[PDB]
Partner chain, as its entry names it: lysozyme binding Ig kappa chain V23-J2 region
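Shown below, as structure tokens, is a lone chain in the form solved without its partner chain; questions about how it binds or moves come after it.
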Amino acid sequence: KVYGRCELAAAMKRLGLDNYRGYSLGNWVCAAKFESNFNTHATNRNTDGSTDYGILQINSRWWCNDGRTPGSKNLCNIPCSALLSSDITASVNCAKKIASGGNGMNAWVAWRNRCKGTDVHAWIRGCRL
């Protein structure tokens, strides 16, 4: 599924991401935009044999098990296939675990480069939330 911007903002709000660990909702919307262009089927291979899955491009080295990544730690306790669903619940629950690490949302490289420090509140303006 390809989400609309405000469609995604609403879904993320309902799952508890606004002001999670001090990050306002627009951070998460911006991250999803630059990681996947709001496409839940997005995948990218990494050079270490792991793969990034879904709308928030969560990797199979640390976070989910895809069966083909040797030594996956599977810290989110989920198959990576669950991160490709139209329903973003599994991706959001895992994202909260990721964002609880020391470096917070810096774990998302596209957020760090294209979202961090900007007026991310723009990403939810005009949405009914």
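Rigid core (definition): largest C-alpha set, two forms, superposition within 1.5 Å. Residue numbers count along the first chain shown, from 1.
Relative to the shown model and aligned on the rigid core, the C-alphas in 8 other deposited structures of this protein deviate most, among 64 to 72 and 25 to 33, for 64 to 72. For the pair 1 to 9 and 120 to 128, the mean B factor over Cα atoms is greater in 120 to 128.
As listed in the deposited structure, the average C-alpha B-factor of 30 to 38 and of 60 to 68 is greater for 60 to 68.
Across 43, 47, 91, 77, the entry's maximum B-factor at the CA atom is seen for 47. Split the chain's modelled residues into thirds by C-alpha temperature factor. Residue 104 is in the middle one. Per-chain ranking of the deposited C-alpha B factor places residue 86 in the highest third.
This next part talks about the form deposited with its partner chain bound, which is not shown.
A single residue from the set 93, 43, 81, 39 has any heavy atom within 4.5 angstroms of its partner chain in the entry with it bound; that residue is 93. Within 4.5 Å of some heavy atom of its partner chain in the entry with it bound lies at least one heavy atom of residue 14. Within this chain, residue 21 lines the site of its partner chain in the entry with it bound, having a heavy atom no more than 4.5 Å away.
Residue 86 falls outside the set of residues with a heavy atom inside 4.5 Å of its partner chain in the entry with it bound.
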